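What the coordinates show
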Amino acid sequence: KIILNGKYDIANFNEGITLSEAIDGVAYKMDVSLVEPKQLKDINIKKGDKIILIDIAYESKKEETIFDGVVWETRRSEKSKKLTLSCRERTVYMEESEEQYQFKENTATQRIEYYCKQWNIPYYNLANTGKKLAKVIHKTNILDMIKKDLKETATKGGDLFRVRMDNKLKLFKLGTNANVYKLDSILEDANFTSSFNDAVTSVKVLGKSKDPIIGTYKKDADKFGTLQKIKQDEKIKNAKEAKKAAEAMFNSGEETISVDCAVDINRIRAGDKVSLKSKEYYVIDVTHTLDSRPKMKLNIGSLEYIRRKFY
Amino acid sequence: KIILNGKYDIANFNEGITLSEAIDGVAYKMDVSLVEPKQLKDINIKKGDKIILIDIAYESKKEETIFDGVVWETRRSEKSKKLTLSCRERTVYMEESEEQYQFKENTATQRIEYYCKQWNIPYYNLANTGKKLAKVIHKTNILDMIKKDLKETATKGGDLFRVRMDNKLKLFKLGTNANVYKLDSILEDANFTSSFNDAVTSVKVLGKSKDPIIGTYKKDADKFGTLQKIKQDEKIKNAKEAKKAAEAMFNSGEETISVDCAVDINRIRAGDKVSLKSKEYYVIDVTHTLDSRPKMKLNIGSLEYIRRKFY
Amino acid sequence: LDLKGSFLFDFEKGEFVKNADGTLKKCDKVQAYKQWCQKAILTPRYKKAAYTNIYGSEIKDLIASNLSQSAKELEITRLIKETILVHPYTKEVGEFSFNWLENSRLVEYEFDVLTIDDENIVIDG
Amino acid sequence: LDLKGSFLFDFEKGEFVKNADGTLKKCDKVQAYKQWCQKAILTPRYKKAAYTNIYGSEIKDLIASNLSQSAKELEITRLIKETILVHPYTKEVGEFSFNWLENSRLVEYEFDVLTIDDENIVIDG
Amino acid sequence: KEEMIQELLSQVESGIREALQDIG
Amino acid sequence: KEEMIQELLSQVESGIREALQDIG
Amino acid sequence: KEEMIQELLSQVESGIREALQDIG
Amino acid sequence: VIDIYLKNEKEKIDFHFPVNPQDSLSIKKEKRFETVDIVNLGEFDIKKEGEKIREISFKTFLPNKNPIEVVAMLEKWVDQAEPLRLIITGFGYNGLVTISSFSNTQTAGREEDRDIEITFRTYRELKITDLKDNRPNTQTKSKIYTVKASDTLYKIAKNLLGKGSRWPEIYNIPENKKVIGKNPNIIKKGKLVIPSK
Amino acid sequence: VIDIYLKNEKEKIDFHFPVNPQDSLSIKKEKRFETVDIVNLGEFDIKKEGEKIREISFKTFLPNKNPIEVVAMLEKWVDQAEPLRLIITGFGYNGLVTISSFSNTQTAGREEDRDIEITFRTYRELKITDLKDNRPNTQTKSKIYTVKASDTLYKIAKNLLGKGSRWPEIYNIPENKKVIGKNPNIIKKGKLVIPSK
Amino acid sequence: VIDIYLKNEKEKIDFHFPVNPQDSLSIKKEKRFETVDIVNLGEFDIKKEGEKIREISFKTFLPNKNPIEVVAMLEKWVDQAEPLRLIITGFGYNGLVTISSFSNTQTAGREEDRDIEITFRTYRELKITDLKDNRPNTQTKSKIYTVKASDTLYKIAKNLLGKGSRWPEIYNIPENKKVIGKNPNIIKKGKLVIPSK
């Protein structure tokens, strides 16, 4: 409804906005399509411009900044003067800037604070993930390093954390959204899919590092059969770490719902805890599309499958 | 025509069935789509249910079990109550259960028997592949291990074998189907494609293991040019093994036919030997679709190209 | 569903009916439902602050309205139907009849049909 | 298919026909099928609790019905056809004829056609 | 008129995912 | 009549490229 | 009415296979 | 002599059309087939084994029950999931159907009357050696049963709920548990019992 | 006797059509179903549980309020989000609707008049054991309230804003904070209070 | 002199149309071709080798067998998989066909009659130096055979089931095994034998 840019208000030009995020996505993504007459052409929107989308929030019905990022790419058509943007929050910067860091044994929160301090990234008070990580040397992107240590934190019994940018970097635990919205009331169509596609019933740990930690921790072998994996990570250097990694991998296969909603719940985001029918599910992916009729589509799943796949 | 499930008969609900298989596919795949009214909803079809499709066989015109597997995944639509399944025979279990095994020098049949004995998989009398395999250590899936040793058996002059499940595991040689069906009579449309896309005219073996085995065995260099490869496998630890591997790699490029049949030959399966015109070809892929009009589509190719690509 | 009963209230006397023991005369599910239906019909909507917007009717407000006779018949049908149908036990209400006995003094009938009045198919596999 | 025979039951006498040995007179597949057809026609539907909903007819219930003459003819055709056709051996039943001999006393004919009455194409490659 | 896009995008996604899962 | 092919090929290319860039 | 799906699935398969073979 | 009877079952109503279906009745039949064309031979026709859902459509008028009540009745029946039994005497049609579309119209004159234009669809039930299950199951009973002298709960279950062994579904309802004694075998005449669904 | 009343609520207007809907009124009803065809059985019809949005369309003329003002009123109502209540007496229709399309026309003669062609859509509200919430909520009150003697701010909140505990929304408005004393409990007669939204 | 004969085979019926096909008969022929346009030359026509499935359509009325029985017969034939033989004398058509669509209609008057509108499709069989197999194979025999004096089981197999070596299919049926002696070579007159399929 309001698109601030730097100074102007280009909400008087946009054909539609689509706010999309994935649980493992690089960044909260806003793809706003505009018509580009002389008026919009004058201001000369370039890549790197700062877009802030403001719309009436679902919670309190007050205008709140639902998106605050930067224009990552502009594509302009000439025959039809339709300028199209693809906005990203500043976690896209972290996913592109490579750097090598050597880390001793420590927790994920300390590592994230170290990254932010090194690269001068503003950040709120980061939640203590608690889990203690093994010494590693990293080379991938900063977001890649953060995701790697968060995955290793999900292993060893730690809670599932996800990093979202907003104005200043936030360490967002998955099941900690304020409002557990119920989608059954506006359920245009749902697609309950169940499978054994990524089911894990057994896991045979073969430790590449010593405390000779080896074991098997089959959990539902009698019911679904011995759907076995082999976890052979150097980071597992402990018997309890092996047991917790095994326990953080068992699941009954893929179990998700491809939900389609006729009303756009504005504040939904990846990782949020949302209800369909009596059950509760975590948002694997959300794709708003703020056309003339607000609309939302969701892909949600159980905790076990999400932990198995994305962690 | 008859869909047994555990107890019931849901042939009174299915909009269509599509039996599809690939020569390198994980398993014989049946994708049956159903409407899900109160009647079908009561029985509560879950993943892991056992589906048996029975239809009048082409050979003797007697009702025979053409498919016997398990429901690997169910996807239910709610706005339109259309339950859709994707059935798999139990080789999908082998493609998901990882395990590490160390093997001395032996044949593929002994290794397959060892896998079945370890994992309690029923199996018919397995054909003696004959070829003797080098010592290896494996980590991939059980089906992955079986495919790897079967590929190494195709190399060294062994016959092309493929594993299909049925009720009990079977080691199916490719060119051993009972009836060599002729598709020209029901040829709705064919697509003869020829190429040098995967042509191999020469091969320069560089042995990574000793008997210093090195050589070149160019076969049609004068005609198609020296389309050369380099085979650098540790498993080749012998001069005769190198020569047979070279001889089991030469081909005139991709040579397949995308056949479309107006009548569904019910008993066709991947690897079967089928005739189009005077020539004979091996089924790279088959995709039946048992809608209200039975129909079949086939992708067939020559032995040399199949051995080069899939082995 | 698990609906429950209530206590009788003789609208003729405007007092609860009580046994000789002094306790109020308990009544069955359907009896309490009929009592509730009559009370809801007699309760005007939006005016008694103890209730939400769902409860009550607007029949009294229609008397002062300027709509015609047939329009008032349709309004009465709509109002009674909407007021009654909020109860879960209600299945259907209809078969409305009207009789303008005097020039402008009306008598109207209606039928209420319960969830238990439904007819069930007999079949099993 | 593998249908099987049964024992004769002379509906004229309402007793099983038995040989001089005392054993009941066994009959062929088609004879047992005809006996079953007559018995099913004579068996009312939904009323004899020993049977499912599939078995029986509703011809007797139609007598008290208020439908017209031609409507009753169509109902008789439908009822007899549905009752007979449940048997696997049945192929087709039809060619119904009616004769309202007296004012309101009816005589009707029908033909039942067996699976063996089908005609087979003669061809082989 | 417009539902063809949704229908055939779904078909493309299903087919490619199906092939990757089968061969992979 | 024919522009549907160009439109939806563009949609398929954009969607798949977009997904690969996001997840990758 | 229905042949558009077959036509454009063929186009998608051909285009993606063609691009993979060219760049690869 | 032509009449049209709509015998509903879930609502025990037998509607007889006051007026005949105006200009003409018509019914089509089309076999299920689809062309397949083979190379160097041309088109061929392949029969499909199933049968088609064919429609019967006509238009009447309801002269001065009242036409308003009849229109309301038919509009209510349009939403009915259970099938209606359509019987056309002179035309010779008889079978279960269901209304796809219904419409009423008032004209400048004849305002009391309602011109009707209704269409039907052939109905077929989806079920999940022995006798075939070809019979339609369209019979209806009241959702509350008055126990007779000779009745037993198993007999009630078989008569009113199918298999006969469905009696615990009747018993486990708390109202049935209250009216019935704690012994399911012993039951009395007159007391009301509620079959499930 | 046939009349058409459009009782708007967000604008407290009760429009009565001066002239009847010309040739005829018509209303269709179509059940929600879609065919599914099973192998070796053929087509079957499956009911869908919902109900359909059906239209009532007709055409009138506005003879010599003026027709211009009536046309402007209806064009303004066309953009209204809140529903209109349509009552047709002889036809028997009564329920909430909303105008999809409206059009006026001047003819060579009769230039003062305006020929009208209007269409309506059935309206249904999205609400996004206990009593069902089937009642439509179409009642409207002025955006400014004059406090009566017996009123309390909680009573005002319940009467004019729903739940009753919504009173701080009324109080927190700075105009309400100014006219009302700093104690929310104490309020006086006559002073104006502005409900939110 | 124009007549229309429908000679069914799977049901040994030879239907002769009581009434001629009203206004006109018509039959189209269209060659199989599709344009190909070459750069800097333009469009060209390429013949396709096959032949096309062409239709013969007309409409009759059945005056006062009865029209009801004839309509039922044709509706039953519409579902027939086997082909019908259509012979039109004056028009000059003769060949195997099959009914795509059939429809009957009763009119306000002439209620006994049934106006018919039927369409046909050319039929072609899929067979899935020496003589070509161009002959249609439309001949039918009873599913139960009465053995004659001179018959032998091989002769029965060839006459009634094709290749002649198909006799074990007849013998292996348990009813045939019971009526026939345990020696297949020896067979007697009069006893019934059931060909398969």
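Residues numbered from 1 in each chain as written, not as in the entry; some residues may be left out. Chains lettered and ligands numbered in written order. Part of a larger assembly, values for the part shown. Heavy atoms only, no water. Residues with missing side-chain atoms left out of burial classes, pairs and counts.

cryo-EM is the method the PDB entry lists for this structure, together with a resolution of 3.96 Å.

A look at the overall build of chain A
The line we're drawing: Only DSSP runs of H or I with at least four residues qualify as helices, and only runs of E with at least two residues qualify as strands; both kinds are numbered from the N terminus onward.
Across its full length, chain A carries seven helices and 21 strands. Principal-axis analysis of the C-alpha atoms places the extent of chain A at approximately 70 × 45 × 40 Å.

Things to note about the overall build of chain H
Quick reminder of the rule: Taken over C-alpha atoms, the radius of gyration is set against a globule rule of 2.2 Å times the number of residues to the power 0.38.
A tally of helices and strands in chain H yields four helices and twelve strands. Relative to a compact globule of 197 residues, whose C-alpha radius of gyration would be 16 Å, chain H shows 24 Å and is clearly more extended. Seen along its three principal axes, the alpha-carbon backbone of chain H occupies a region of about 75 × 65 × 30 Å.

A few points about the sheet that holds strand 17 (residues 228-229) of chain B
Residues and elements named next belong to chain B. For clarity, the cut-off: Two strands form a pair only when DSSP identifies at least two bridges running between them.
In space, the three strands of this open sheet follow the order 16-15-17, with mixed pairing throughout. A single partner strand is all that each edge strand has here, and the edge strands are strand 16 (214-216) and strand 17. The pairing of strand 15 (residues 202-206) with strand 16 spans three bridges and is antiparallel. Looking at strand 16, one finds that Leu206 is bridged to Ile214.

Here's the deal with the relation of the copies chain I and chain H
Using the following cut-off: For this overlay, the copies are fitted by least squares on their C-alpha atoms.
Screw-axis analysis of chain I against chain H gives a translation of 0.1 Å along the axis, an RMSD of 0.1 Å, and a rotation angle of 60 degrees. The symmetry that links the two subunits is that of a six-fold axis. If distances are taken from each C-alpha of chain I to the rotation axis, the shortest is found for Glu34(I), at 21 Å.

A word on helix 3 (residues 108-119) of chain A
The test is simple: Helices are assigned an expected span. That span is 1.5 Å times one less than the residue count.
Helix length check: helix 3 of chain A (twelve residues) gives 17 Å between terminal C-alpha atoms against 16 Å at 1.5 Å per residue, within 8%. Just downstream of helix 3 of chain A, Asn120(A) is the residue with a positive phi angle, here 60 degrees.

Considering the arrangement of the chains
Our working rule: By the convention used here, residues are in contact when the closest approach between their heavy atoms is within 4.5 Å.
Looking at chain D next to chain I, you find no contact at all, with the nearest C-alpha pair sitting 17 Å apart. A minimum C-alpha distance of 17 Å separates chain F and chain J, which share no contact.

Things to note about a positive patch on the surface
For clarity, the threshold we go by: The residues that make up patches have over 30% relative accessible area and no salt bridge, and they are joined within 9 Å when like-charged or within 5 Å when they are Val, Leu, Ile, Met, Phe, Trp or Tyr. Per-residue accessibility takes into account occlusion by the displayed protein chains alone, with areas from the Shrake-Rupley method and a 1.4 Å probe. Only one rule defines a salt bridge in this text: a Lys or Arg side-chain nitrogen within 4 Å of an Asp or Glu carboxyl oxygen. For the charge count, each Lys or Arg is scored as positive and each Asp or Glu as negative, with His and the chain ends excluded. Note that the charge is assigned to NZ on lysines, CZ on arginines, CG on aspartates and CD on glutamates.
Taken together, the side chains of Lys29(J), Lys31(J), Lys47(J) and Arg54(J) make up a positively charged region of the molecular surface. Looking at the element boundaries, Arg54(J) is found in the loop between strand 4 (42-47) and strand 5 (55-62).

Looking at a nonpolar patch on the surface
Just so we agree on the cut-off: When accessible area is computed with a 1.4 Å probe and restricted to protein chains, residues below 20% of their type maximum are described as buried, those above 50% as exposed, and intermediate ones as partly exposed.
Together, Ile16(E), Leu20(E), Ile16(F), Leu20(F), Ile16(G) and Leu20(G) make up an exposed nonpolar region whose accessible area comes to about 590 Å². At the level of elements, helix 1 (3-23) of chain E, helix 1 (3-23) of chain F together with helix 1 (3-23) of chain G are the ones that each hand at least two residues to the nonpolar patch. Turning to its location among the elements, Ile16(G) is positioned in helix 1. Owing to a relative accessible area of 37%, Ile16(G) belongs among the partly exposed residues under this scheme.

Description of the side chain of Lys143(H)
Relative to the helices and strands, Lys143(H) resides in the loop between strand 10 (140-142) and strand 11 (145-146). No salt bridge is formed by the buried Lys143(H), whose closest oppositely charged neighbour, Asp118(C), lies at an N-O distance of 7.0 Å.

Digging into the packing of helix 1 (residues 29-42) of chain D against helix 3 (residues 69-85) of chain D
Residue and element names in this part refer to chain D. Rule in force here: Helix axes use the C-alpha atoms of the stretch in contact, all axes being lines fitted to C-alpha atoms, and the angles between their N-to-C directions lie in the range 0 to 180 degrees. Each angle gets one of four labels, with under 35 degrees taken as roughly parallel, over 145 as roughly antiparallel, 65 to 115 as roughly perpendicular, and the rest as oblique. Helix crossings are classified by the rotation of the near helix relative to the far one: an anticlockwise turn of less than a right angle makes the crossing left-handed, while a clockwise turn makes it right-handed. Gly is placed with the polar residues, together with every amino acid not listed as nonpolar (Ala, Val, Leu, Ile, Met, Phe, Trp, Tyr, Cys and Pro) or charged (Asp, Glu, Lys and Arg).
The contact between helix 1 and helix 3 brings their axes to 10 Å, and the two run at 135 degrees. Comparing the axis directions of helix 1 and helix 3 gives the class oblique. In this structure, helix 1 crosses over helix 3, and the sense of that crossing is right-handed. Across the interface between the two elements, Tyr33, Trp36, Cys37, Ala40 and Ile41 from helix 1 touch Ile80, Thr83 and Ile84 from helix 3. Along the lines of polarity and charge, the residues of the contact of helix 1 with helix 3 split into seven nonpolar, one polar and no charged.

Quick look at the interface of chain I and chain H
To keep things clear, this is the line we draw: What gets called buried area is simply the loss in accessible area from a 1.4 Å probe that two parts show on being joined, summed for both. In the analysis that follows, any N or O atom pair within 3.5 Å is treated as a polar contact, provided that within protein one partner can donate a hydrogen and the other can accept it, and provided that, for residues neighboring in sequence, both atoms belong to side chains.
In this assembly, 27 residues from chain I lie in contact with 30 residues from chain H. Approximately 2,300 Å² of surface area, both sides summed, lies buried where chain I meets chain H, with 49% of it carried by carbon and sulfur atoms. Here chain I is connected to chain H by four salt bridges. Among the salt bridges present, the one from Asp37(I) reaches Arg32(H), with a minimum N-O distance of 3.8 Å. Where chain I packs against chain H, one counts 18 residue pairs in polar contact. With seven residues, the single largest contributor to the side of chain I that touches chain H is strand 3 (residues 24-30) of chain I. When the residues that make up the side of chain I that touches chain H are grouped by side-chain class, the tally is nine nonpolar, eight polar and ten charged. Where strand 8 (residues 94-107) of chain H meets strand 3 of chain I, seven bridges bridge the pair, whose relative direction is antiparallel. Within strand 3 of chain I, the residue paired with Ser103(H) across the bridge is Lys28(I).

Considering the side chain of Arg269(A)
All names here are of chain A. Mapped onto the fold, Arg269 is located in the loop between strand 18 (255-261) and strand 19 (273-276). A polar side-chain atom of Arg269 sits 3.5 Å from a polar atom in the side chain of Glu89. Dropping the residues within four chain positions of it, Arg269 is found in contact with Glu21, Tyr28, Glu89, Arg162, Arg164, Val283 and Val286.

Focus on the environment of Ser6(D)
Residue and element names in this part refer to chain D. Relative to the helices and strands, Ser6 is located in the segment before strand 1 (9-10). For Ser6 and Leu24, which are 18 residues apart along the polypeptide, the C-alpha to C-alpha distance reads 9.6 Å. Not counting chain neighbours up to four residues away, the residues in contact with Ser6 comprise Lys25, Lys26, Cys27, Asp28 and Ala32.

Examining the pattern of salt bridges
Side chains that differ in charge, positive against negative, can pair when their charged atoms come close. Overall, the coordinates contain 94 salt bridges over all chains when judged by the stated rule. The closest approach of N and O atoms between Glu234(A) and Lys208(A), which form a salt bridge, is 2.5 Å. Judged by its relative accessible area of 46%, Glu234(A) is partly exposed. Across the pair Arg76(B) and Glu36(B) runs a salt bridge, and its minimum N-O distance is 2.7 Å. Here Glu36(B) lies in the loop between strand 3 (29-34) and helix 1 (38-43) and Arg76(B) lies in strand 5 (residues 63-77), a separation of 40 residues in the sequence. Taken individually, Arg76(B) and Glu36(B) each receive the classification buried, so the pair is uniform in this respect.

Concerning the environment of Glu254(A)
If you trace the backbone, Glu254(A) turns up in the loop between helix 6 (239-247) and strand 18. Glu254(A) sits 16 residues away from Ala270(A) along the chain, and the two C-alpha atoms are 18 Å apart. Beyond its immediate stretch of four places on either side in the chain, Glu254(A) contacts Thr193(A), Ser194(A), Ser195(A), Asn197(A), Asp198(A), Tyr305(A) and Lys47(B). A distance of 3.0 Å separates the side chain of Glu254(A) from the side chain of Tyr305(A), its partner in a polar contact.

Let's talk about the pairing of strand 4 (residues 33-38) of chain H
All names here are of chain H. Taken together, the six bridges between strand 4 and strand 5 (residues 42-47) define a ladder with antiparallel strand orientation. If you follow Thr35 over to strand 5, its bridge partner there is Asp45. Here strand 4 folds back onto strand 5, and the loop between the two strands holds three residues, one of which, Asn40, carries a positive phi near 60 degrees.

Quick word on helix 1 (residues 67-78) of chain I
Residue and element names in this part refer to chain I. Note the following rule: Arc, as used here, means the arc of the directions from the helix axis to the C-beta atoms.
Here helix 1 contains twelve residues, and its C-alpha end-to-end distance of 16 Å stays within 8% of the 16 Å for a straight helix at 1.5 Å per residue. Regarding helix 1, the residues found buried are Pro67, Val70, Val71, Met73, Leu74 and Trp77. The arc enclosing the buried residues of helix 1, seen along the axis, measures out at 160 degrees, which places them on a common side. Facing away from the buried side of helix 1 by more than 90 degrees, the exposed set consists of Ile68 and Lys76. Residues of helix 1 that are buried sit in contact with strand 1 (4-7), strand 2 (14-16), strand 6 (55-62), strand 7 (84-88), strand 8 (94-105) and strand 9 (114-122).

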